[PDB]
Amino acid sequence: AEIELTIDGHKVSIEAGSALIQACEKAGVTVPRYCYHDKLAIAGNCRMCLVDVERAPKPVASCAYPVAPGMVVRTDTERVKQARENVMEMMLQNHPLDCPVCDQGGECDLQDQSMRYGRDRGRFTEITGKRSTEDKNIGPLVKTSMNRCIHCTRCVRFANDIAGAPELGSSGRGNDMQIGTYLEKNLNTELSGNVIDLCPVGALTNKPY
Amino acid sequence: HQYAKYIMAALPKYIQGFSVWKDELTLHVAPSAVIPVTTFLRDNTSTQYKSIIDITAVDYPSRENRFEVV
Amino acid sequence: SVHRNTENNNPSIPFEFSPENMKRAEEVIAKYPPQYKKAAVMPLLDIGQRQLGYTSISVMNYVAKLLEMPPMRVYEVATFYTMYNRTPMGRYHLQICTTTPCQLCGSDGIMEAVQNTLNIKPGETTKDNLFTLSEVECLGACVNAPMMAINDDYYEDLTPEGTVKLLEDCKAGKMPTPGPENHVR
Amino acid sequence: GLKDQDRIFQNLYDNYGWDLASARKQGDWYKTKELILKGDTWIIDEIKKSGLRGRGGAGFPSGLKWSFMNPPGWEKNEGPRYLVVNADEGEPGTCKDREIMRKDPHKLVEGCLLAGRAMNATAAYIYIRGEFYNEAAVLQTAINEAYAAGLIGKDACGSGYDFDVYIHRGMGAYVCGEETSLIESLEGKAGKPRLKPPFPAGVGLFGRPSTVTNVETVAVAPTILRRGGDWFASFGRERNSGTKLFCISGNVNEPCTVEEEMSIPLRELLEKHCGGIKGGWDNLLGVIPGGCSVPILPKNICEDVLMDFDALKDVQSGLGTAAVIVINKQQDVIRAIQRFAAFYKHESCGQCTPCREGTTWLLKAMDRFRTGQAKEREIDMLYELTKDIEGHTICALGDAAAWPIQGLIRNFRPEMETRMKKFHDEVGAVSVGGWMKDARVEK
Amino acid sequence: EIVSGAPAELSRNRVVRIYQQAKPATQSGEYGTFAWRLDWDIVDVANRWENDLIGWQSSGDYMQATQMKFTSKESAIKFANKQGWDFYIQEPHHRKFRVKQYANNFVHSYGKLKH
């Protein structure tokens, strides 16, 4: 019911079959994450919590690679860091420029954990356009700008698993994933307004605030 | 480092642990005995300093002793 | 640009299915375990598609009610699949493969021949509503790469001459054809 | 012992075998009682001696995956276990159903039966691509033939297994050609994969553990359990084995399809069986071997390499589909790879954050490389951003998108620079008044 | 105890707060977990009124915005009794272990299904 694993000298015993992020956070090692959450089910979507594990060719996603007994785990291999910069670049070069007027100024968790893991030249030209995203109405209680949604899918898992109003489904492929509904119907559920403290970017936000 | 090891071995009663950082040096001294330390180390042959540039203080109100004096 | 658009343009939840379709649907559902029962949703949407072309929000809501599902999961299924055509579509959906072997044997000129025949931009439909264009990617059948498919089936090895003859014929006269010759060698 | 024209006493025969009865004349449904009533462990040992390598794209030894479906805890009441047939083929190049599913399904039915005997599978699902509505009815009636004649279903040639065959339609998603997105499609959800380390052999595939097999690696199963393990091990390499199917297309002399020896010269393959190159051997510019997702061999190191897996893996090319596309020298490789970029744009699912923005950025770059708007350093910038997607996805679709451009920087760049020579002032002086100005990419 | 260098009558009058800074729920990231905070309350009549000319908020608390950043709660409280004013400590609240099989995507006979 306990297992030692070694994350970078920090040996730590946690419960069997658990989450590797839970081992990292028990070991006091800060691991950047966007689509992990505590009280939601794990999705592998955000692809940020990559960590190097012995006897594995690729840096696996620490949100979902289960605890194997006696692992050697590195968060500081240059493959890890100079892949995290890679993944953050490939999360940001389709994000809009709303940073002064996006609501989560000092709380865009993307923006907060960008500088210490990121890369300056998001490569573009005046020829290149990113993509646009249709704003959608979820209710007069929640202001919504879906241009900023980095598809963390924390909202969907929250509306399904904890809320029980499954009306915020995902849609589309490629660039064209939109979250919400394309029936354009308003969510009117209880504890809906938790989601604006939950989408880590300011795509969902508070309407009277 | 080696200079700090010399100062450590030369006056082991009155000194505490040295601390080296990025081309400068900081000697930790027990506070009841500073005057015999600074009769030395200002005024040794091998340590001919003779010129002081700052005495001041820093609080960190964390610990039970409160004001380190630098 | 696979879009996820509104539901205003006279598709506002008013439709159903028909008589043999429900029996055939029960036959389909019987291929799946009784509890944990959703997996007939994609062929049931095909049955709705062949019943009512341009599968609207209404038949999707009817399926979601029918298979005990919350609706957004059904929308989340039918948001993927390019089979599930949403906008009203003509009698013969014309799917030109423009993938790499089809490119390298001249389907580019085939699309040129079609747009010369039917002056339609390749994401639109004819004003006659006889044909609806769609460039499509590889249907696997790289056998005779200038092929296309039309609404059910594949027409191998098309010259632009054979293509415009097919566009003349499929106005009225059906062409149950793999290709002009028989075999694959 | 060189490799040959595969010696017509072979596995499959499309021409005179589409029948219940003519399949039995071919040698199908011929020793089925002995096979089912022999142990599944015997099937494990025979297919492991066979050295059968998985034709899906992994190149995986099939006996290891099939034994990997069998743990010791299997005999505990963990629920009805079954099997999934990846009958979708969605890569460019693979015509490996029109030969197989359209023209020889009665191999495939008892192939599923023998494989499910090896799994102790309660039933089996066959996941056809629902684009093949022509083929789907043909296969479904062919299954219903043996299903109504008692050959399959609850007494399948005197079987102690009740075993059912259900057909299911793949609705226009190459991503559903990946196994785990296939499982989530068979859960009736969206075609979005799951993350790997809960392995599909025990996680619950549609709730209970299963496996996913290629249609061609299960089509050979009853023939290779009626023949010996040394029959398939007689060919190819010491580790690669047997015959595999080739779909040869692109700008060639005669576009065609065969089923031939592994480890053959590609030049003999083109010249002896498909006419040759349209323009001859001195008129190719590159060859796309195997998958759509494989780097391109150049004209000199396509001459004498092999047509295996492992040696071509040493020439950076994992021929996981064995579908060869050959190009004239008078055509644009740039347009081909740009079309693959648009292909992955239509076929990226959406779960992976890097895959979507990756494929979009790659498409935006390859349009510049067609039109010649780039700068000389942007080639290596493109290579770096392809390396960004090289190992950082859930499923290997992103890696599959990363292979052709990594093949583009390899063996090439006279022609990137030659197209980029065709004007000056890259990233040109424009204004963007209400839309952009002075140039544009595709719309 | 007499205060040596505290000219106010803070030491008899106000309630101060020792608290672990809460884990923010909006961002993920936990740097506020690793401090200890001293904060004077606003239980006041002064308590930040409204100005009438421009309309700032001119306070009357001479020590409205002030935070120590300590290391340990007992070092915090030994300081708090050493300089000697009335405190109240507040215990933090952790997040409890819950085993997360990423494979939680499997059922028996059961009505409800999820994404």
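Observations on the model:
Labels for the chains are A, B, C, D and E, by order of writing; each one numbers its residues from 1.
One rule holds in what follows: a residue touches a chain if its C-beta (ideal position, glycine included) is under 8 Å from a C-beta of that chain, and two chains touch if they have at least 3 such contacts.
Taking the mean of all protein Cα atoms as the centre, the chain whose own Cα mean lies nearest is A.
Per-pair counts of C-beta contacts peak for the chains C-D.
Each chain gets one centre point, the mean of its Cα atoms, and the points for chain B and chain D are 72 Å apart. Here the CA centre of chain B is 83 Å from the CA centre of chain C. Between the Cα centres of chain A and chain E there is a gap of 27 Å.
In whole angstrom, the spacing between the mean C-alpha positions of chain A and chain B is 49. Those residues of chain B in touch with two or more other chains do not exist in this structure. Residues of chain A in contact with two or more other chains: 44, 64, 66, 166, 169-170, 172-174.
Among the residues of chain C, those touching two or more other chains are numbered 2, 36, 38, 73, 76, 79-80.
This structure has the following touching chain pairs: A-C, A-D, A-E, B-E, C-D, C-E, D-E.
Residues of chain A touching chain C in their complex: 166-174, 176, 178, 181-184. Here chain E touches chain B in the complex through residues 68, 70-72, 75, 78-79, going by the rule given at the top. Of all the residues in chain A, the ones that touch chain D in their complex are 43-48, 50, 57-61, 64-66, 83, 86-87, 89-91, 93-94, 123, 125-129, 131, 150-151, 170, 172-175, 177. The touching residues of chain D, when paired with chain C in their complex, are 80, 89-99, 129-134, 166, 168-169, 171-174, 185-191, 206-207, 247, 249-251, 254-257, 288, 292, 323, 325, 327-328, 331, 335-336, 339-340, 342-343, 346-347. Across the complex, chain E meets chain D through its residues 101-103, 105-108, 115.
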